[PDB]
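Residue numbers (my numbering), protein chains in the order written: chain B, 375 to 616; chain H, 65 to 213; chain S, 348 to 456; chain R, 22 to 93; chain G, 61 to 321; chain Y, -8 to 233; chain P, 13 to 83; chain U, 1329 to 1577; chain W, 6 to 201.
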Ligand SMILES: Nc1ncnc2c1ncn2[C@@H]1O[C@H](COP(=O)(O)OP(=O)(O)OP(=O)(O)O)[C@@H](O)[C@H]1O
Ligand SMILES: [Mg+2]
């Protein structure tokens, strides 16, 4: 019928144009993210950009703290970002409540994936236009990255990037794990993994950075933290002295 | 940026440390190394325009170091560090490196010292492909002559 | 009888051996006929690398005999890449042999 | 000027040749335009721009004083 | 309507990009020999209106001084048929005896039309003239020192065989002037006018966006009317600050929405 | 026909609905929020449409709980609904946790509520921009809330028709005082820049409203400016613009 | 075959991207990369040049590999 | 307010329900999977694919466990497969493991899942899941059994079958390859050989997901000293095993 | 059962025993009652074991969500949660909870919540059924703002008299120290405090 794509219904090609369109709204902030696995840590960086000075820079964020061990990095519009953040925090509380231990990242990936599926099966839900990266350090699975997308599909990774120009970053990561011959960087301090990540980002995007142009989130064991600008500056200085 | 306070502060410092330069300059007679540190901290700028100004204070200072017959070794290491420190506005540093080579021609050093300093300097800009290139070729042919004999 | 059971990429090899038979019977009118059929059975993309190396080899020799040394050199360059860099069980002898033909092709030009 | 299956492509060719001589290849600086039109929501985006009709005057519905004048 | 290398300010990066296609193979084909590519040719210009896409066309004919023709989209259209084919066939010929020629199609939407011909006969007239171009652009007739600069005000009007690369190899978009790209445009237009002395634009312009490059020169014209009202001969920042309000106001009368590849 | 509903997407990343709501907001009057060191100062332009009105008898600034001022532009009845909703949520928090709601928490709540109206065919997205802020115990904060369900931190925010002028003037005010100013001193500034934002609007006459929530002068409660103070601010602006 | 490349450049990183191209656009990208090469001022095509040229006039699809969830 | 309670699925004028037609087209868009029923077991095999080569595929599954005797494998949409596996486990426990305290026969479960598909075809506010599932299992009364549930909500029992985009060719191959007596070993070799015609990409045990409903494993039971209960008849083969069988072709 | 909390200079010290009787039978003599519901805001339960534990679970739930959305809650806030849970289930559930927590700004604080549900801020709180015997001992010898050593010996002696006179109280004495430095457990066996 004339409506195949104002509601979630297959096309004559056997398809969902609507969900496609969701994927075509993940590149509007044009933020890029890069996430790699250390040996005992997980590191993720994202861009920060403010179009005006009259914003306060602190509040502009894309790294959202969901659990105490799971960080969430969002690619796509910020309204949907906030709705997703709220969803996830609810589910985390509820897992702790019903099973007696904090939510694993894997379980969260899947819970959020199924909610996604439900938004693309009900004829009056609009799907989220956000790709979520879940970074964690598990004690049963180790440092892990799970990526879910508006489809409700998710997959694991050794490393991954997101954004409009994230192919460049894919090249970088590919070559890096080509030389290393192993699925994670062998580094025993989270600092140097931040450093490596920023190096690959400068190479990939072709542009140098500053403390107010970055945003860094680190998942160590049994915690998650974000660095402030002051600590990011120090990483940048130690890059030049490699 | 999100504040204009770094702007007001950085520019203003530049003017005032000209007033304090004669004080620094007499202090270098007692110990150059301490005066060197004072100007090095000065050059830490988060505002673009003040970079150009603060590098001029160091140029006058290092003439004393360059002329010396032990301390120019220490000078070559510094130039390295400056490009690395932050990048610090790709215009400022590129003007400095030139003015130093220009000084070297006029200070009149040993064949040997001239040779070894230049290799250290062309080495820095091998890792660069910006304005450096203009100067890099010119000092390269200056070095050609040295080995020609 | 295995052409009604045409599902296998191992019928590539049979075409190639037939091409070789006419080759040393020293007629290339029929050598090409059986080559074309080999390329057809190898149009399936599920054939191993090794058998495709064989495919280029046979053409390399054959257009060499027809005295075109532009085609022969391109075909021998392709087969050198296959033999040299995958494992050797007879591919040490077949990388050597392809190499010598590459050198020969250029002397004729 | 996105037309689908109609003779509107014949119409617009006197729109386009207008925009061409409303560009300077001088000997149009002294040549002006006034234009009257009933509605101003039907114009082409190449007539929003300045260089074609730079000043844009609206005719308002009458006022108290204005109405009195007109009758007189 | 001539102007120097610089026909805009702050969009210089696109000016540099254009000469890559045009000016570079003009001077040295030999640097495109080293690479081994086909010598660049073919340019589509598309963007929002009034953004100096045409003024740049006049500038690259002026600056280089290479042989230029031109064509308005609708002065090559004729009543006689086989006559509107004649010009453009014979215009390419001209281009092969005249050195390094540059063919500016100005504001083409006339024969930009698609296959239509379920409408009037005019749509087959378009068709006849369109087929003529393709055979020229690529065939045994191949160019190399004949370049196409195609100027249009919306590119999704066109037929996709006029979106075809290797006839159009580079598709340069010039956007609307940017936050400080207006600033760069303002400093060239405050030299032309008489001014008290004004280097206080910066805040007002960025937060009076809505201007194309031709409206910046309409802020100066409208500021010269506020001046005339005061009986001044100079552009004041009193006159300028009332002007940016007015000029922005009159453009909100109708909108414009355009999307691109 | 992707302009028909909010739950539709388009292949341009656009959801035409929500963009159109911004044009409803562009129809409102100037409204400014000045973030000062001590608190926040709101001001609203109140058009006097006729000589039959009762002056200073209609408020467009309404308080929620007692320490969060809310001032909105766009559709006055619609924004009115939004403020009512936010008071319900505020009282809920206050009952459940025994403390007046923090300003960031408030921000979460209202953002979610407006984000909700784009996920269902059943509803229409609100066409209002809100500016809300105040003093809590973790300091003064300011937020501007989009009809899109987006918001950020701000050192100065504005909306309305004379937003052009106001934004520029605020840029200057942060260039005069990069370390900020007093909420006492900001009364006069709100007067100033509303007056400057009425030359784009100089068809009419208007009344100035100012209100503020600062720790140093109202003890952290949202009160209105009046009397000799209000009239002095008026006179200040008046002399500046003449 | 016609043009120079660098040993850093590869033609096998072009399969993974889009899987519906025309022969003219492949003659187009390589020509567009030969202009970016002169902005570096280099006569050998680097893989930096070659991926940037792919990114312009890319004509992206949501039917091709590395863009799917229908698997 | 909400009024999506009218079906989005209707009869077409030419007689058919258009939406299952579109869904069945969507199934020929996905990955390829097949299942062979041997005399002494069942083997199911599928391809692992990911968006990027740097994505993990060991933390991802296309052969899922519904019960220790019953596995499923899909061709079609991932997201649709995921939720529906969970629902299958769900109704398997609430309506056979609370009412008889034990796991369901293969067939019973097949019908349990066919209803969920059916109510995705009925009842406005839904569209069909765009998957075909193979439900392979073993029950103690009809032995080994292989079923296919389609987007429509019907099922069919098969002796061997394939789903996905390479289905026409695969089925023609299995036409000769099937025999009245087949050994589970021989069926393993056969399934690999067929799905090799179907797969272009690198061929290892790390990309071919193999599972067998073969025979019971007392070592996967997790306890001993009970002879009455026996181990899972399902087993997922990790990559090591499968790498031997690449070589045993 | 005996629980108390006493504030001191630098924070607060929480104190409990571990004897848990049903009837005459002690179910476990090494039972914990010093519970964490946040990472700085600990509680002492007494009353019905089932009731206290259930309530504690739900309050942990709410506080954890509070942390994820709004930043960490204050001792005040947690106490309010407990209050509002008691007030809805006062007719069915029997709980006495002492909520003691370290605020970085103000210091350790002690609120007590009876079973009807009300908040009372106090400089020191006691509850249980071994606590009606040590009221006077506490009240006479208490001063505001003692040193850490003092606080520890104080709570030790108070809980020794509680253990003496109440037979539902006993086992080891356990303590949690909430300060800026962190969280420290102390444990005192019977041989240790009988001598004194
Ligand atoms: N960036 C500019 N700075 C100064 N003047 C400009 C600028 N661009 C355009 N103009 C002015 O606008 C006039 C007309 O614009 P022009 O014809 O060059 O532009 P255009 O972008 O193609 O749009 P159209 O073709 O519809 O006119 C010029 O004659 C010139 O006075
Ligand atoms: Mg024009």
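Don't be surprised by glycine CBs; every beta carbon is placed ideally from N, CA and C.
Contact annotation, residue 144 (chain G) with residue 206 (chain G): C-beta distance approximately 20 angstroms; criterion of less than 8 angstroms not satisfied. Neighbourhood of ligand 2, defined by CB distance below 5 angstroms to any of its heavy atoms: G:114 and G:167, in chain order. Under the Cβ criterion (8 angstroms, minimum of three pairs), the stretch 429 to 443 of chain S does not count as touching the stretch 33 to 41 of chain R. Contact with chain B is found for residue 74 (chain P), since one of that chain's Cβ atoms lies less than 7 angstroms from the residue's Cβ.
The C-alpha of residue 33 (chain Y) lies about 30 angstroms from the C-alpha of residue 78 (chain W). Runs of the alpha helix (DSSP H) lying entirely within the stretch 93 to 174 of chain W, each at least 4 residues long, are 140 to 146 and 153 to 170 in chain order. With the rule of 3 Cβ pairs closer than 8 angstroms, the stretch 495 to 508 of chain B counts as touching the stretch 398 to 413 of chain B. For chain U, the residues of the stretch 96 to 115 of chain Y that bring a beta carbon within less than 7 angstroms of one of its beta carbons are 113, in chain order.
By the C-beta density criterion, residue 392 (chain S) is exposed, having fewer than 16 other C-beta atoms within 10 angstroms. The nearest non-hydrogen atom of ligand 1 is 6 angstroms or more from the C-beta of residue 111 (chain H). Of W:52, W:45, W:118 and W:132, the smallest CA-CA separation from residue 186 (chain W) is found for W:45. Judged by DSSP in its simplified three-state form, residue 1375 (chain U) adopts strand. Under the three-state reduction of DSSP output, residue 407 (chain S) falls in the helix class. If you draw a straight line from the Cα of residue 181 (chain W) to the Cα of residue 516 (chain B), it comes to about 32 angstroms. Among the bridge pairs identified by DSSP, residue 210 (chain G) is matched with G:104 and G:165.
Assignment of residue 153 (chain Y) by DSSP, reduced to helix, strand and coil, places it in the coil class.
The alpha-carbon separation between residue 1487 (chain U) and residue 1462 (chain U) amounts to approximately 12 angstroms. For residue 439 (chain S), the enclosing alpha helix (DSSP H) has its first and last residue at 438 to 455.
When distances are taken from the beta-carbon of residue 111 (chain G) to the heavy atoms of ligand 1, the shortest one is below 6 angstroms. Shortest gap from the CB of residue 68 (chain G) to any heavy atom of ligand 1: under 6 angstroms.
Rounded to whole angstroms, the separation of the alpha carbons of residue 571 (chain B) and residue 432 (chain B) is 22 angstroms. Where residue 495 (chain B) is concerned, there is no enclosing alpha helix (DSSP H), because DSSP gives it neither an H nor an E. Residue 274 (chain G) has its Cβ nearer than 6 angstroms to a heavy atom of ligand 1.
Sequence-distant Cβ neighbours of residue 184 (chain H) in its own chain, meaning closer than 7 angstroms and more than five residues away, are 140.
Assignment of beta-bridge partners to residue 509 (chain B) by DSSP yields B:445 and B:519. Taking a 10 Å sphere around the C-beta of residue 384 (chain B), we find 16 or more other C-beta atoms and assign the residue as buried. Along the stretch 170 to 230 of chain Y, the alpha helix (DSSP H) occurs as fully enclosed runs of 4 or more residues at 174 to 187, listed in sequence order. In this structure, the CA atom of residue 220 (chain Y) is about 42 angstroms from the CA atom of residue 436 (chain B). Inclusion of residue 1441 (chain U) and residue 1416 (chain U) in the CB contact set at 7 angstroms is warranted, their separation being smaller than that value. When DSSP states are grouped into helix, strand and coil, residue 105 (chain H) belongs to the helix group. Per the coordinates, the alpha-carbon of residue 69 (chain P) lies some 50 angstroms from the alpha-carbon of residue 470 (chain B). Excluding its 5 nearest sequence neighbours in each direction, residue 37 (chain Y) has C-beta neighbours in its own chain below 8 angstroms: 20, 49, 51, 197, 198, 199 and 200, listed in chain order. In the displayed model, residue 1361 (chain U) falls within a strand according to three-state DSSP. Within chain G, the residues whose beta carbon sits less than 8 angstroms from that of residue 61 (chain R) are 313 and 314, listed in sequence order. Along the stretch 388 to 418 of chain B, going in chain order, the ones with a CB nearer than 8 angstroms to a CB of chain U are 388 and 389. Using a CB distance cut-off of 7 angstroms, residue 1525 (chain U) counts as an interface residue toward chain S.
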